[PDB]
Amino acid sequence: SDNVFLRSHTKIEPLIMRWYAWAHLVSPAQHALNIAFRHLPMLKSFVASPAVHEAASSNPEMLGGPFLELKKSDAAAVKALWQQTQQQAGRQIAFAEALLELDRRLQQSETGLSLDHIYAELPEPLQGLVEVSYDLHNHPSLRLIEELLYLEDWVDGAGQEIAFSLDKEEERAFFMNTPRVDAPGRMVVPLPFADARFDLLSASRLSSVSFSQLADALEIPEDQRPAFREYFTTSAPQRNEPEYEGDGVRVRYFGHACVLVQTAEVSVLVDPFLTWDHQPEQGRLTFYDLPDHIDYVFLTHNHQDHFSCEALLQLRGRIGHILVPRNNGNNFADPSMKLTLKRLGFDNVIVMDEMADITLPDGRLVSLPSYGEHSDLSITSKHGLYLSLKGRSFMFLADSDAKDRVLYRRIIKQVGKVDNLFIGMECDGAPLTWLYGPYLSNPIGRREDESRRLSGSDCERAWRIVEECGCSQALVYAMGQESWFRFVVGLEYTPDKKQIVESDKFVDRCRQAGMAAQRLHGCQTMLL
Amino acid sequence: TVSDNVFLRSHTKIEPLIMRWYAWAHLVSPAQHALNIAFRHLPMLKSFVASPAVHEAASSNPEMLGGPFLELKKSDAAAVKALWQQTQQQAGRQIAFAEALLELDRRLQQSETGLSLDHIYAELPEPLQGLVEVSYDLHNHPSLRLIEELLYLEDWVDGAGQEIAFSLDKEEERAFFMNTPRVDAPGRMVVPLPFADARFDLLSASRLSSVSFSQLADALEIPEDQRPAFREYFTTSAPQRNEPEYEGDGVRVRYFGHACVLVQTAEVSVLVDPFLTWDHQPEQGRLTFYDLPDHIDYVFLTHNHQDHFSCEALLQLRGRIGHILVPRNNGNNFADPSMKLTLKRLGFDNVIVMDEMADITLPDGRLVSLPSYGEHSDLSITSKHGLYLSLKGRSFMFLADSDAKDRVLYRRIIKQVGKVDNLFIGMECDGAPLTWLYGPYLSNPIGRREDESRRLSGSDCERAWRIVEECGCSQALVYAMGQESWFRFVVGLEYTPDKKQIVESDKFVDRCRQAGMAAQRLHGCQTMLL
Ligand SMILES: [Fe+3]
Ligand SMILES: [Fe+3]
Ligand SMILES: [Fe+3]
Ligand SMILES: [Fe+3]
Ligand SMILES: [O]
Ligand SMILES: [O]
């Protein structure tokens, strides 16, 4: 009689070689580029002077910078992981080094003549995996045949683990800064993400599971099992109205860019990033407050604050279809989100082109074109969402930057007028290299780096969408102001920050036009 | 009482025309169509109206076949000038889009070197607003991505200019497809009909099933003055068919010419690169359009070239194809329009866009979409893919004009799909230069050696032998050579035995037979059992 649930606040943190698993560590090409040109430099730089990294991590303004949030005591662990990563990922570092070295060579040497000679001189890690081509101006680009790369022998479950923890989410270290080294209260269990055993682990969130059977499946030493039992409880988790049986449309804003739309017949989840800590003063909606079945999960783009492998892995058997955008195969920074999801065990993945629609009970959903927020890189894995359910029209644009009002004019011509606009106002994002640094074979200038930021719409540009779509309500979302997103989004915005000032300008101009408008802060359940 | 239930005459050809130009894939896609109207079609017509004799001089030269010269001659000058003035009025929005697109692309290449591109959208000309996204590659080179899904809903993307040319002349008389516009001429009756129009499906039904002539002419809005002449393309007799269906327990393969190959079990049919003939000739032992089964489960399109993507063959097969399989396109390249979107404008929504190594299950087997390299002048065109086919134990690999530049690539494929029994390879290893096909899409002219260095070239003897060694086929068949007569107007001259393509193919078939394999260069139609 060992039927146990996961404790409601037990966090299942997925780790790839102790680094928090975000999308680019799951796709192999970007993972190799991140091991060799992000993780190894930060780990080696930490070993040389741990004091340097605490000093940068102490200054809260540069919270996301390339420095570990670890302390001098963890020096032994960092150096060990740095050496472990050298031997474990030897094929990865050879691929990343060979891939970038090829890319530098082509820029210098290929000027418009035939590229047939290149395939003869391809290094072994790239042989049969890369196609060399030109644009219409004799600039070479490297196109990875990702489907063949995913079947390479070094694309395995090695390094994939899970970190059980009971600490509050505000305690999480930054996802790209800090590896999850061994710590008290943190129990790391080796487990491939696509493994069936994970499905048994995800079942214990909402359904009772035998503890000994689960601990046996999870290869848990019996000496460590008393400590592993701490993450489990006999009581079932409390859930705040997961289902909805009204004839209307219920929208639940779960924080940042996570918003669930629900009729009594369909559920649509946009950019799932959830919390497992309940805290009533903030009136949180948690992972448990989601319905048992989510018909459609919509992934706007491939950023860590909209693509949470932690949330998706525990929601695997509960998701009818994941809706993703198409990727640009000719760009290293744009891996296919299907495949990345396939490696996480997801085959219910629909790649949607622009203006592609799916018919839903009492309505439809359309994948909309989106511009920007990717440092002006030819990344195409971005799309907005038009949602129609029982007469109510919704448009979620996430961090899309409305550079061209005529684009949304053309969009409204097909999908019609929208009732509720969800727009993100992160208009001062990180520079290019903060995210796409390890993928650059040749470094970029600081003026170029600071001009192309991960920035969305400001007040003026967001007003273009409102004018074109004629919404009665405009909701500013995807601001990252809730507490449990600090470890992914960064600092909470003080009222003087441009993102808060511009957002305040936008809500005011909307109300001046006679619409309902607000900046979402804290979780909210709305009926409409 | 005047009961005239009629079929289409077996040798009646229905030539789809977009402003009297033979409609191939790039004239159907609007952006490339606009670029071809302004930067290929309009120049050739103006060049014809000024000294048409120059065009007669090049059209006499059999070497300069397909060159930028009309195969019309001087009597058609009055007709050509009208079309040159007519298309100028009709395609005003098209030329304005093409001029703005190339001028924009020229501007960004000159000035945008790595700083933010946000200013570009404010200075976008009206033909491009809301339709193009400006972006960088990883080396600060700007690219233009047309939102093709939005462009296809633009106001000038309509059925205007789309017609069909009924003619009874042998395919042997056809003018080159992009050389020469189909001006009004005797024996050619041009009927206005949009390609995606439902009425087109009714006309295609008249190929194999009888329809009332008066009812058919009424739908196609044929004026009663023209109906006596329209009756010439129709016959009361039913068309003759050479064993179209297959109910045998084996696998029947039928070679229809060039790269068109039909594979058939008793339970599924797969058509590769449909390019058919409507002229019967038993002396050549032709397999014709009518010899295809009534229903084609799967039509597989290797890539987006005129000799493998025939709107003529596909339009009459509408409603007869379960699913058309196409490769994915790179939206950041002008020369790579989406083949799904091009087919949607032809009335096909049963279009499955297949990624690399994507497989679909078939009765008694499956097919896999294979990676393919080259034959696109080293341009970032991704709308190309090979086909692995397994049916009742028989394994096929159709590679069309694939250039095996990387032997390990096919090694990796064989690790997944297994050994192949029958390989279909093209040895067109001296194709046309880059500008012959993608000329109007260059914002800045390209140098002549670079143009001739990167040709529409496939596998030669060595590279095709790389595939054979990697896949271990018991049979190797050289196809997609353009050796059949009815492929003039698309492929060009027949290759004499001294031409590089024939010498390399003969060398390859020789090395195959020396190894104990079966090999031949497919010439003329063939029905094979396996
Ligand atoms: Fe983002
Ligand atoms: Fe974001
Ligand atoms: Fe071709
Ligand atoms: Fe060909
Ligand atoms: O950001
Ligand atoms: O070709």
Side-chain angles (χ1 to χ4, degrees), chain A residues 103 107 112-116 119 122 127-129 131-139 141 143 145-148 151 326 328-333 336 353-356 369 371-372 376-380 403-411 413-414 436 439-442 444-445 447-448 451-452, chain B residues 105 109 114-118 121 124 129-131 133-141 143 145 147 149-150 153 328 330-335 340 355-358 371 373-374 378-382 403 405-413 415-416 438 441-444 446-447 449-450 453-454:
Chain A
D103 201 33
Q107 303 309 298
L113 296 162
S114 156
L115 317 149
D116 308 22
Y119 297 97
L122 284 200
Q127 276 166 22
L129 283 197
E131 176 175 28
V132 173
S133 34
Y134 285 122
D135 61 21
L136 306 185
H137 307 94
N138 302 319
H139 309 283
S141 72
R143 203 195 95 68
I145 293 86
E146 266 183 306
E147 285 84 351
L148 292 182
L151 317 156
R326 188 86 68 168
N328 181 329
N330 272 294
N331 199 321
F332 294 173
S336 207
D353 300 307
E354 292 154 317
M355 313 302 297
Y371 285 9
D376 278 332
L377 292 181
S378 34
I379 290 183
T380 58
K403 295 156 187 245
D404 198 323
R405 81 137 46 91
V406 186
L407 166 80
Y408 291 100
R409 196 200 299 286
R410 303 171 157 290
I411 281 173
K413 232 206 289 173
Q414 314 298 324
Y436 310 112
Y439 313 127
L440 295 192
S441 78
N442 297 314
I444 208 167
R447 292 173 298 165
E448 292 94 332
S451 81
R452 292 137 69 165
Chain B
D105 194 12
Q109 280 302 130
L115 288 176
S116 174
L117 296 154
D118 292 349
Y121 296 94
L124 270 186
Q129 294 173 350
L131 292 175
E133 149 157 56
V134 182
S135 36
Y136 280 123
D137 65 26
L138 290 184
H139 302 275
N140 289 341
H141 302 126
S143 321
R145 191 178 59 79
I147 325 295
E149 331 280 334
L150 284 201
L153 313 165
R328 221 209 316 172
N330 166 35
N332 272 108
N333 200 318
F334 288 168
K340 179 190 110 217
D355 283 295
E356 317 227 321
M357 305 295 311
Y373 286 8
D378 276 318
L379 278 189
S380 269
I381 289 143
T382 42
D403 189 357
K405 296 171 201 234
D406 211 5
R407 154 190 274 273
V408 42
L409 158 85
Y410 292 93
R411 171 187 324 250
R412 300 179 172 282
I413 305 166
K415 187 166 172 231
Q416 306 315 307
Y438 314 109
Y441 315 156
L442 293 174
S443 43
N444 293 306
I446 193 44
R449 334 180 252 159
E450 311 72 334
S453 136
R454 300 144 60 187

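Just so it is clear: chains get the letters A, B, ... in the order the sequence lines come, proteins before strands, and each one is counted from 1. Values below: every heavy atom of this structure, side chains too, minus hydrogens, waters and symmetry copies.
Of the two parts of A/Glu354, the backbone and the side chain both hold a non-hydrogen atom closer than 4.5 Å to a non-hydrogen atom of chain B. Proximity to chain B (any heavy atom under 4.5 Å) is restricted, for A/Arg326, to the side chain, taken from C-beta onward. At a 4.5 Å heavy-atom cutoff, the contact between A/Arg143 and chain B is made by side-chain atoms alone. Within the 4.5 angstrom heavy-atom criterion, only side-chain atoms of A/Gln414, from C-beta onward, approach chain B. Contacts of B/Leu442 with chain A are made by side-chain atoms alone, with heavy-atom separations under 4.5 Å and no backbone atom involved. Neither the backbone nor the side chain of B/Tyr438 comes within contact range of chain A; no heavy atom of the residue lies under 4.5 Å from a heavy atom of that chain. Using a 4.5 Å cut-off between heavy atoms, B/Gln109 contacts chain A through its side chain alone, with no backbone atom that close.
Nearest heavy atom pair, residue A/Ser114 against residue B/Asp378, reads CA-OD2, 3.5 Å. Across all non-hydrogen atoms, the minimal contact from B/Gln129 to A/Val406 is O-CG1, 3.5 Å. Taking every heavy atom of both residues into account, A/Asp353 and B/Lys340 meet most closely at OD2-NZ, 2.8 Å. Between B/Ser453 and A/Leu113, the closest heavy-atom pair is OG-C, 3.7 Å. Across all non-hydrogen atoms, the minimal contact from B/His139 to A/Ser441 is CE1-OG, 3.4 Å.
Looking only at side-chain heavy atoms (C-beta outward), B/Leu150 and A/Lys413 stay at 4.5 Å or farther from each other. Side chains of B/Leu131 and A/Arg410 form a contact here, defined as non-hydrogen atoms less than 4.5 Å apart.
Contact count versus chain B (heavy atoms, under 4.5 Å) is highest, among A/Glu448, A/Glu131, A/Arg409, for A/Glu131. For chain B, the option among A/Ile444, A/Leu122, A/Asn442, A/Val132 with the highest count of heavy-atom pairs below 4.5 Å is A/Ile444. The choice from A/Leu407, A/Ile411, A/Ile379, A/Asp135 that makes the most heavy-atom pairs within less than 4.5 Å of chain B is A/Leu407.
Under the 3.5 Å distance criterion, with hydrogens and angles disregarded, a donor-acceptor pair is assigned to the side chains of A/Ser133 and B/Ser380. Judged purely by distance below 3.5 Å, without hydrogens or angles, the side chains of A/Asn328 and B/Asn332 pair a donor atom with an acceptor atom.
To the nearest 0.5 Å, atoms OH (B/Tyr373) and CG (A/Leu115) are separated by 12.5 Å. Rounded to the nearest 0.5 Å, atoms CG (A/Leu377) and CG (B/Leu138) are 6.0 Å apart.
Between A/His139 and B/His141, the ring planes are parallel. Angles under 30° get that label, and only those over 60° would be called perpendicular.
Partners of A/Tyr134 according to the side-chain hydrogen bond (donor to acceptor under 3.5 Å, both in side chains) rule, which considers only residues two or more places apart in sequence or in another chain, are A/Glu110.
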